[PDB]
Amino acid sequence: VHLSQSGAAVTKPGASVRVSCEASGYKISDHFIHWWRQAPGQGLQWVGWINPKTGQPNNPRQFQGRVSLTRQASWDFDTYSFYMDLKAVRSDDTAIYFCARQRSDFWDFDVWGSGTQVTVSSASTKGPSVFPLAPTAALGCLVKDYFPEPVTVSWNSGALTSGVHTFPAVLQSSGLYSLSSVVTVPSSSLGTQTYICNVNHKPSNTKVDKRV
Amino acid sequence: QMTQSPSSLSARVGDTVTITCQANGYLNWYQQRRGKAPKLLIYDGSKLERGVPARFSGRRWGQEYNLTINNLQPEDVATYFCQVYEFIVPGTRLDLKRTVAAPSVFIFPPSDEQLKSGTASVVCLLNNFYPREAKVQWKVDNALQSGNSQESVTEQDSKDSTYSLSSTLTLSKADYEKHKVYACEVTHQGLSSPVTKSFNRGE
Ligand SMILES: *[C@@H]1O[C@H](CO)[C@@H](O)[C@H](O)[C@H]1NC(C)=O
């Protein structure tokens with residue numbers, strides 16, 4: 001009994017975004033599918049349910065608003081795709097969206113999708129720009145002004161892992177992200193060792209490799 | 001009308017922790033790992049979900065629902081929450097307790113490569129401290145900056161059970177050069193006295 005969700009989505013404010021949930025592995029017709037959403041550092045909020053048998057969502061048109069829940073039956077009935085359409089998006093909508101299965105009539109949710117990030121930002125693709133953090137002492141790299149998430153940071157092409165902290169990216173009023181990656185090492189070994197953070201940003205085939 | 005207590009728990013491996021909600025109805029408890037989807041631990045007050053260690057259990061008495069974890073393990077580090085129909089409490093962070101540890105503190109002046117871009121970024125690093133509550137203060141020439149700061153913190157470290165925190169003071173090219181002393185002053189439990197690491201032009 002399993003639920004797989006679509007990949008991360010990015011969209012400009014005022015547009016529409018679709019999140020998909022593929023269900024398989026049981027009598028799918030027999031269980032409601034709920035959608036939940038989780039804003040950064042926050043608790044879950046109910047978004048709605050849909051009945052797989054009839055396609056009936058919890059709010060009827062007159063109440064649905066900016067969200068519309070749909071299904072399409074993979075006619076064998078071994079598979080079903082469930083959709084969450086969000087129209088006229090805004091920053092508020094930025095969050096992880098989960099589909100989940102209602103087991104009993106009483107809303108115990110025993111299976112969850114892995115979740116889908118929906119990032120609504122004014123901006124669009126940009127590779128990051130990397131500046132060094134120069135000095136047991138500490139050294140690092142500031143990975144600044146990229147979009148969208150994510151980036152991967154390694155040191156000495158993966159040969160250095162100990163003492164490495166790669167922090168969560170924060171967001172700026174710029175509307176773009178900045179994160180920093182750091183290592184600590186004994187006050188010696190400096191002049192001895194070549195410290196090189198390799199940064200990657202898939203979305204933009206950016207792939208700098210900077211030294212400290 | 002549903003509440004949960006408390007908002008944060010630290011416990012030692014092998015210890016027992018209890019988390020309470022106030023609520024009404026068919027209630028379920030979930031575990032959620034920092035970065036992941038919830039996992040059902042108990043349904044309907046006290047029924048243990050198939051496949052979950054019996055060191056989890058739940059007690060209803062009136063409007064009080066306890067979730068109890070006995071013999072706490074390293075994989076129990078997560079957020080826990082209760083849920084009744086559409087309503088899900090914000091939940092309790094549980095972390096593993098360890099000996100108190102003051103932050104290794106450092107500062108990082110703007111890179112000149114970057115000043116070439118017009119934006120300057122000063123960085124502060126608090127490294128490997130516990131417990132996780134902390135306060136950074138950005139001071140320059142004893143001026144107290146009160147906007148213009150980001151903060152980011154790591155998850156509890158799966159090895160040494162510490163946290164780390166990075167704080168980025170971003171300010172324009174001009175207003176940077178005009179001042180001299182840049183200090184980072186942080187206050188943490190494990191530190192007898194707020195301590196500062198402070199630079200300026202001497203390099
Ligand atoms: C919950 O635990 C608290 C503290 O352990 C205790 O006083 C109370 O008996 C428990 N509540 C229930 C409903 O078992």
# chains A, B, ... in the order shown; residues from 1 in each chain; ligands from 1
>>> residues_near_ligand(ligand="ligand 1", cutoff="10 Å", atoms="only C-alpha atoms and all ligand atoms", output="list in words")
residues 16, 17, 18, 19, 20, 21, 22, 45, 58, 59, 60, 61, 62, 63, 64, 65, 66, 67 and 68 of chain B
>>> select_by_dssp(residues="stretch 99-136 of chain B", states="alpha helix (DSSP H)", output="list in words")
residues 112, 113, 114 and 115 of chain B
>>> write_last_selection(atoms="C-alpha atoms", output="PDB file, in the first residue's frame")
ATOM      1  CA  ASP B 112      36.899  41.152  -1.078  1.00  0.00           C
ATOM      2  CA  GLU B 113      35.915  39.111  -4.142  1.00  0.00           C
ATOM      3  CA  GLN B 114      32.361  39.840  -2.974  1.00  0.00           C
ATOM      4  CA  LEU B 115      32.654  43.540  -2.096  1.00  0.00           C
TER       5      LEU B 115
END
>>> interface_residues(of="chain B", to="chain A", cutoff="8 Å", atoms="only C-alpha atoms", output="PyMOL selection string")
chain B and resi 26+28+36-40+43-44+84-91+106+108-109+111+113-114+150-154+164-166
>>> write_last_selection(atoms="C-alpha atoms", output="PDB file, in the first residue's frame")
ATOM      1  CA  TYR B  26     -10.710   9.637  17.963  1.00  0.00           C
ATOM      2  CA  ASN B  28      -3.919   9.707  16.687  1.00  0.00           C
ATOM      3  CA  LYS B  36      10.143  13.641   6.185  1.00  0.00           C
ATOM      4  CA  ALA B  37       6.526  12.409   6.133  1.00  0.00           C
ATOM      5  CA  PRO B  38       4.628  11.573   9.317  1.00  0.00           C
ATOM      6  CA  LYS B  39       4.538   8.031  10.650  1.00  0.00           C
ATOM      7  CA  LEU B  40       1.545   6.661  12.580  1.00  0.00           C
ATOM      8  CA  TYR B  43      -4.419   5.324  16.649  1.00  0.00           C
ATOM      9  CA  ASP B  44      -7.613   5.849  18.602  1.00  0.00           C
ATOM     10  CA  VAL B  84      -8.272  14.700  15.616  1.00  0.00           C
ATOM     11  CA  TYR B  85      -9.964  14.813  12.241  1.00  0.00           C
ATOM     12  CA  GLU B  86      -8.737  18.022  10.556  1.00  0.00           C
ATOM     13  CA  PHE B  87      -6.941  19.424  13.553  1.00  0.00           C
ATOM     14  CA  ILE B  88      -3.244  18.768  14.052  1.00  0.00           C
ATOM     15  CA  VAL B  89      -1.368  20.290  16.956  1.00  0.00           C
ATOM     16  CA  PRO B  90       1.961  21.978  16.039  1.00  0.00           C
ATOM     17  CA  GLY B  91       3.843  19.462  18.169  1.00  0.00           C
ATOM     18  CA  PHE B 106      33.849  32.533  15.080  1.00  0.00           C
ATOM     19  CA  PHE B 108      34.042  35.994   9.063  1.00  0.00           C
ATOM     20  CA  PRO B 109      34.716  39.398   7.489  1.00  0.00           C
ATOM     21  CA  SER B 111      35.402  38.475   1.136  1.00  0.00           C
ATOM     22  CA  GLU B 113      35.915  39.111  -4.142  1.00  0.00           C
ATOM     23  CA  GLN B 114      32.361  39.840  -2.974  1.00  0.00           C
ATOM     24  CA  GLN B 150      19.575  35.755   8.776  1.00  0.00           C
ATOM     25  CA  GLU B 151      19.882  32.680  11.003  1.00  0.00           C
ATOM     26  CA  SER B 152      20.134  28.991  10.175  1.00  0.00           C
ATOM     27  CA  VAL B 153      20.632  26.024  12.511  1.00  0.00           C
ATOM     28  CA  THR B 154      21.592  22.393  11.878  1.00  0.00           C
ATOM     29  CA  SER B 164      25.458  24.534  15.075  1.00  0.00           C
ATOM     30  CA  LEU B 165      24.164  27.910  14.009  1.00  0.00           C
ATOM     31  CA  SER B 166      25.088  30.344  11.263  1.00  0.00           C
TER      32      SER B 166
END
>>> residues_around(residues="residue B:194", least_positions_apart="5", cutoff="12 Å", atoms="only C-alpha atoms", output="list in words")
residues 102, 103, 105, 134, 135, 136, 137, 184, 185, 186, 187, 188 and 189 of chain B
>>> residues_around(residues="stretch 69-78 of chain B", least_positions_apart="6", cutoff="9 Å", atoms="only C-alpha atoms", output="PyMOL selection string")
chain B and resi 11-19+31-34+54-58+92-96+156+158
>>> select_by_dssp(residues="stretch 2-45 of chain B", states="strand (DSSP E or B)", output="JSON, numbers by chain")
{"B": [3, 4, 5, 8, 9, 10, 11, 17, 18, 19, 20, 21, 22, 27, 28, 29, 30, 31, 32, 39, 40, 41, 42, 43]}
>>> residues_around(residues="residue A:11", least_positions_apart="3", cutoff="12 Å", atoms="only C-alpha atoms", output="ChimeraX atom specification")
/A:8,14-18,86-91,93-94,117-125,147-148
>>> write_last_selection(atoms="N, CA and C atoms", output="mmCIF file, in the first residue's frame")
data_model
loop_
_atom_site.group_PDB
_atom_site.id
_atom_site.type_symbol
_atom_site.label_atom_id
_atom_site.label_comp_id
_atom_site.auth_asym_id
_atom_site.auth_seq_id
_atom_site.Cartn_x
_atom_site.Cartn_y
_atom_site.Cartn_z
ATOM 1 N N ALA A 8 9.571 18.326 -6.809
ATOM 2 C CA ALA A 8 9.456 19.718 -6.385
ATOM 3 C C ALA A 8 9.052 20.601 -7.530
ATOM 4 N N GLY A 14 0.729 34.108 -9.104
ATOM 5 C CA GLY A 14 -0.382 34.300 -10.023
ATOM 6 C C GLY A 14 -0.616 33.141 -10.982
ATOM 7 N N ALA A 15 0.308 32.181 -11.022
ATOM 8 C CA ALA A 15 0.169 31.016 -11.896
ATOM 9 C C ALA A 15 -0.556 29.853 -11.216
ATOM 10 N N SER A 16 -0.558 28.713 -11.890
ATOM 11 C CA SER A 16 -1.175 27.503 -11.376
ATOM 12 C C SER A 16 -0.129 26.417 -11.251
ATOM 13 N N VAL A 17 -0.274 25.590 -10.230
ATOM 14 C CA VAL A 17 0.643 24.488 -10.033
ATOM 15 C C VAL A 17 -0.160 23.222 -9.756
ATOM 16 N N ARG A 18 0.375 22.095 -10.204
ATOM 17 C CA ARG A 18 -0.265 20.821 -9.997
ATOM 18 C C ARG A 18 0.673 19.881 -9.255
ATOM 19 N N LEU A 86 -3.660 24.110 -7.793
ATOM 20 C CA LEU A 86 -3.656 25.334 -7.025
ATOM 21 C C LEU A 86 -3.593 26.445 -8.020
ATOM 22 N N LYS A 87 -4.634 27.265 -8.077
ATOM 23 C CA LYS A 87 -4.643 28.357 -9.054
ATOM 24 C C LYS A 87 -4.339 29.722 -8.405
ATOM 25 N N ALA A 88 -3.808 30.655 -9.194
ATOM 26 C CA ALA A 88 -3.522 32.013 -8.716
ATOM 27 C C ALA A 88 -2.585 32.018 -7.508
ATOM 28 N N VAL A 89 -1.510 31.256 -7.604
ATOM 29 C CA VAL A 89 -0.704 30.986 -6.419
ATOM 30 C C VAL A 89 -0.117 32.248 -5.830
ATOM 31 N N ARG A 90 0.336 32.151 -4.592
ATOM 32 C CA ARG A 90 0.952 33.283 -3.932
ATOM 33 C C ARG A 90 1.998 32.744 -2.985
ATOM 34 N N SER A 91 2.812 33.632 -2.417
ATOM 35 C CA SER A 91 3.809 33.222 -1.434
ATOM 36 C C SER A 91 3.230 32.339 -0.311
ATOM 37 N N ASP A 93 1.199 30.007 -0.327
ATOM 38 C CA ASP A 93 1.102 28.627 -0.755
ATOM 39 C C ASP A 93 2.425 27.849 -0.663
ATOM 40 N N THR A 94 3.531 28.552 -0.446
ATOM 41 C CA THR A 94 4.839 27.902 -0.341
ATOM 42 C C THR A 94 4.893 26.974 0.873
ATOM 43 N N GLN A 117 7.539 19.806 -2.388
ATOM 44 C CA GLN A 117 7.791 21.230 -2.171
ATOM 45 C C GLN A 117 7.169 22.076 -3.276
ATOM 46 N N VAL A 118 6.418 23.088 -2.879
ATOM 47 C CA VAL A 118 5.913 24.051 -3.832
ATOM 48 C C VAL A 118 6.443 25.393 -3.402
ATOM 49 N N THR A 119 7.332 25.925 -4.220
ATOM 50 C CA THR A 119 7.950 27.207 -3.956
ATOM 51 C C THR A 119 7.424 28.258 -4.921
ATOM 52 N N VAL A 120 6.708 29.234 -4.375
ATOM 53 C CA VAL A 120 6.192 30.337 -5.170
ATOM 54 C C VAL A 120 7.048 31.566 -4.914
ATOM 55 N N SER A 121 7.809 31.955 -5.933
ATOM 56 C CA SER A 121 8.715 33.085 -5.829
ATOM 57 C C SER A 121 8.600 33.989 -7.042
ATOM 58 N N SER A 122 8.803 35.281 -6.811
ATOM 59 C CA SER A 122 8.798 36.257 -7.890
ATOM 60 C C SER A 122 9.864 35.958 -8.947
ATOM 61 N N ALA A 123 11.003 35.427 -8.511
ATOM 62 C CA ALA A 123 12.159 35.251 -9.389
ATOM 63 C C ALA A 123 12.178 33.960 -10.206
ATOM 64 N N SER A 124 13.281 33.775 -10.936
ATOM 65 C CA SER A 124 13.532 32.584 -11.754
ATOM 66 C C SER A 124 15.024 32.196 -11.776
ATOM 67 N N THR A 125 15.343 31.097 -12.459
ATOM 68 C CA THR A 125 16.645 30.423 -12.332
ATOM 69 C C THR A 125 17.871 31.338 -12.292
ATOM 70 N N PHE A 147 19.044 30.187 -7.082
ATOM 71 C CA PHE A 147 17.632 29.895 -7.226
ATOM 72 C C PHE A 147 17.444 28.986 -8.425
ATOM 73 N N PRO A 148 16.627 27.951 -8.246
ATOM 74 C CA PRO A 148 16.010 27.756 -6.944
ATOM 75 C C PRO A 148 16.882 26.815 -6.131
#
